[PDB]
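Single-structure report; data block below.
Cβ: placed from backbone, ideal geometry, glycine included. Neighbour counts: every protein chain shown. Where a number appears in this text, it was derived from the coordinates with a stated rule and is not lab data.
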RNA sequence: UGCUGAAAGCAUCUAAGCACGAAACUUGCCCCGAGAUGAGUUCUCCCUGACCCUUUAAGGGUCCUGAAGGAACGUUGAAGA
RNA sequence: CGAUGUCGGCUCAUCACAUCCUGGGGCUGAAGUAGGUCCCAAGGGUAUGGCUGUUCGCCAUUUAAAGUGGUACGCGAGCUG
RNA sequence: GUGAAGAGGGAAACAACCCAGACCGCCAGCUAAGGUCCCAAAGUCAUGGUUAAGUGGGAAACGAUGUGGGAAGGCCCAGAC
Ligand SMILES: [Mg+2]
Ligand SMILES: [Mg+2]
Ligand SMILES: [Mg+2]
Ligand SMILES: [Mg+2]
Ligand SMILES: [Mg+2]
Ligand SMILES: [Mg+2]
Ligand SMILES: [Mg+2]
Ligand SMILES: [Mg+2]
Ligand SMILES: [Mg+2]
Ligand SMILES: [Mg+2]
Ligand SMILES: [Mg+2]
Ligand SMILES: [Mg+2]
Ligand SMILES: [Mg+2]
Ligand SMILES: [Mg+2]
Ligand SMILES: [Mg+2]
Ligand SMILES: [Mg+2]
Ligand SMILES: [Mg+2]
Ligand SMILES: [Mg+2]
Ligand SMILES: [Mg+2]
Ligand SMILES: [Mg+2]
Ligand SMILES: [Mg+2]
Ligand SMILES: [Mg+2]
Ligand SMILES: [Mg+2]
Ligand SMILES: [Mg+2]
Ligand SMILES: [Mg+2]
Ligand SMILES: [Mg+2]
Ligand SMILES: [Mg+2]
Ligand SMILES: [Mg+2]
Ligand SMILES: [Mg+2]
Ligand SMILES: [Mg+2]
Ligand SMILES: [Mg+2]
Ligand SMILES: [Mg+2]
Ligand SMILES: [Mg+2]
Ligand SMILES: [Mg+2]
Ligand SMILES: [Mg+2]
Ligand SMILES: [Mg+2]
Ligand SMILES: [Mg+2]
Ligand SMILES: [Zn+2]
């Protein structure tokens, strides 16, 4: 199972070799467990985690009653992680950051930075026509989106302009560089999704 | 029909139990089992398993012949056991057994270590030869075909896991 | 005199259970479609579903003759450009084993609103245990 | 294997047999002789 | 490609049975996804008052009540036409 | 014909298998390497420039390969002309 | 001959192909072409076969111990393959 961190910022790690590593600093607080789901009660084996601390006058009464019956402090959200067979988590447990005291690669999932109503050249990496040589009102438009009269329909999944990003995307197998048990940090290498202040689900790797 | 007409003479020391359309057979070399076809009547004629078709079908005599030859091979396996031989002609092509793996060595940079199934035992006296004993003729022919399939014998030098019961033909490496 | 036309407020419905551990798929599905349209009922009308609820328990051991368990194929188009997905009988069984009977009767039944209502009255199960024993269903040799 | 559309015995050792619905010529001696009606 | 094997005493990769086999197909990896009208599952929270009427019904009207929450407004955002 | 805009280039492509590579094989007048030919297979991939209006070509130089076709010889209510 | 100048029923759809010539009304019966498991009115009708290919439900030269039927045969109970 994974952790729910908050991407603080990117920086370097130097080694004694002299190499430079692009290191992302995922802070990971003590993830509380709120509700453990098994087969006979619910339908699968999976736990529910939460982090942070919301305002008392902002958590509503369903959420607050859920957390208070769960027996933990009022968090800031909910996430749900499947349980590979061989994990029996108690409902009062608090998953620390030392879960990654043995892994080398993690898979990091987060909301990518939404870039607006990005066109085709920005979104699907099209090309352009010429900027001179006669070209008129067609410097960056899509172009031909079909055939003549057969199909007589733009085929579904045609690549067009729309909203780029602001979607859950996942990078696979980034190497963990450090686990700071004191500052509550997980230092990975690379370029995780999300901006500063995004919430990233960090899982141990599959591939 | 024609092989299905003269039935099998089961000797002493080898029990048989007709479990409906299943037949089981027991003895000194281990037991075998065969689910017979659902168009074939077998019967135990007190020293001899006689054969015929159950009618309502036109696939009678072919299936009854198969049932007779299968029970013959089952009786021969349980009372004597078959004993096949493969060999490894080439340059240093060498085998060994370790209980139930055949640690081959056939010029393959990964080691070919085939795991033999249950009712099969092996012995490699000469280190270019394998002799393996068994009760079920189908599975010992299967394991022998697996070892020959690891290195099919070429037509240029006769190397590879050549059958000791089937010689091959070798084309001349001409020019 | 305009003859009888069964009003859907006053017509009554029964509950049937069909065993399917080796019935032939086409013949079984035809008889399900006949009792589902309601043509075993003498108050029959076209525009009113006078059908009967049918629970087909053990809907994966439906036996098909021929070589159809490896040769009969099923096609459905996704909706995209290249998307013509296609699964054989045993592979459709291994994916979702009630879709076979549901596709068979969804081919035989009428089409449109009343055909989809008559199909809504047909709920099938891949096991020997249903959960509609509170309805008092009766077994039917079909 | 020559995948002819008319298989035809070419010696005495060749045997015409039927796998899978197609016809084949299988030979014991010459692997040029092996054919299949396809 | 085979192993065993008969119709066809032999033979035979096949009609009974079984094993191997590809970037192809189903999966495995990522994403959408209960408007999936077949509208699913689990958890949490909140509402525990009166009458009046005729056609008695899953009916209408009146007095008190207005919860959970949502919506609106404002300061806005690495969210955005 | 009270009109469906007709070659080529750009930009988008999508499909078929009679496959150019990659995958699996059988035969070889296959020692190895490189091959020849045939069978299964369409998941991905499939060149930059010189000259011409070109498709095509010839040429220079790479590449694992520089596929063959349809789609109004795709595509001008998208673009040169 | 039919359409043109002709409706209806069949061939899924389908001027000319098959049955057929609409004066009007009827919640009456018989029937032709074609059909009778379900969509879709009517035989999961009876009798005896043939097919294992989804042939039926697109197709040739040519090839094949697929399978059924007939008739002629040439070796064979002094021993046939
Ligand atoms: Mg933005
Ligand atoms: Mg450009
Ligand atoms: Mg202009
Ligand atoms: Mg401009
Ligand atoms: Mg156009
Ligand atoms: Mg259309
Ligand atoms: Mg095959
Ligand atoms: Mg061919
Ligand atoms: Mg054999
Ligand atoms: Mg034999
Ligand atoms: Mg297999
Ligand atoms: Mg690959
Ligand atoms: Mg694949
Ligand atoms: Mg014109
Ligand atoms: Mg006009
Ligand atoms: Mg092909
Ligand atoms: Mg070759
Ligand atoms: Mg294609
Ligand atoms: Mg495809
Ligand atoms: Mg073209
Ligand atoms: Mg053309
Ligand atoms: Mg064109
Ligand atoms: Mg022309
Ligand atoms: Mg043009
Ligand atoms: Mg246009
Ligand atoms: Mg000009
Ligand atoms: Mg007419
Ligand atoms: Mg008509
Ligand atoms: Mg027609
Ligand atoms: Mg019609
Ligand atoms: Mg008249
Ligand atoms: Mg008639
Ligand atoms: Mg209809
Ligand atoms: Mg009917
Ligand atoms: Mg009948
Ligand atoms: Mg033909
Ligand atoms: Mg003889
Ligand atoms: Zn030959």
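When chain A is treated as a GNM with alpha-carbon contacts under 10 Å, the residue of A:21, A:145, A:47 showing the greatest mean-square fluctuation is A:145. Counting every other Cβ atom within 10 Å of each residue's Cβ, A:87, B:31 order from fewest to most as A:87, B:31. Roughly what angle does helix A:61-70 make with the longest principal axis of chain A, taking Cα atoms, 0 to 90 degrees, to the nearest 10? The helix A:61-70 is inclined about 50 degrees to chain A.
Here the relative contact order of the range C:1-93, from alpha carbon pairs under 8 Å that lie six or more residues apart, stands at 30 percent. Counting beta carbons within 10 Å around each of D:12, C:96, B:94 and listing the fewest first gives the order D:12, C:96, B:94. Note on A:10, B:74: ascending count of other Cβ atoms within 10 Å places them as A:10, B:74, the fewest first.
Normalised by the number of residues in chain A, the average gap of Cα pairs under 8 Å and 6 or more apart makes the relative contact order 30 percent. Taking the centroid of alpha carbons for each part, the range A:1-69 and the range B:105-175 are 58 Å apart. Across every pair of non-identical alpha carbons in chain A, the mean reciprocal distance, once inverted, gives a Kirkwood radius of 20.5 Å.
In chain A, the calculated helix contribution to ellipticity at 222 nm averages -1500 deg cm²/dmol per residue, counting -39,500 (n - 2.57) for every DSSP H run with n ≥ 4.
Taking Cα atoms only, the orientation of helix B:137-150 departs from the longest principal axis of chain B by about 20 degrees. For the range B:20-111, the alpha-carbon coordinates run over 58, 31, 19 Å along the three principal axes, in decreasing order. The orientation-averaged shadow of the Cα convex hull for chain C, equal to a quarter of the hull surface, comes to 10.9 nm².
When both the range A:158-207 and the range B:20-40 are represented by their alpha-carbon centers, they are found 61 Å apart.
Based on Cα contacts under 8 Å between residues 6+ apart, chain B shows a relative contact order of 18 percent. Between A:116, A:43, A:157, find the one with the highest GNM mean-square fluctuation for chain A; connect C-alpha pairs within less than 10 Å. Most flexible of the set in this elastic network: A:157.
By the equivalent-ellipsoid construction on the alpha carbon gyration tensor, chain B comes out with semi-axes of 39, 19, 13 Å, ordered largest to smallest. Using only Cα atoms and rounding to the nearest 10 degrees, what angle (0 to 90) does helix C:25-37 make with the longest principal axis of chain C? Once rounded, the angle reads 30 degrees.
Please find, in a Gaussian network model of chain C (springs between Cα atoms separated by less than 10 Å), the residue of C:112, C:51, C:22 whose mean-square fluctuation is greatest. Its mean-square fluctuation being the largest, the pick is C:112. Overall size of the protein assembly as shown from C-alpha positions, given as principal axis extents largest first: 101, 94, 71 Å.
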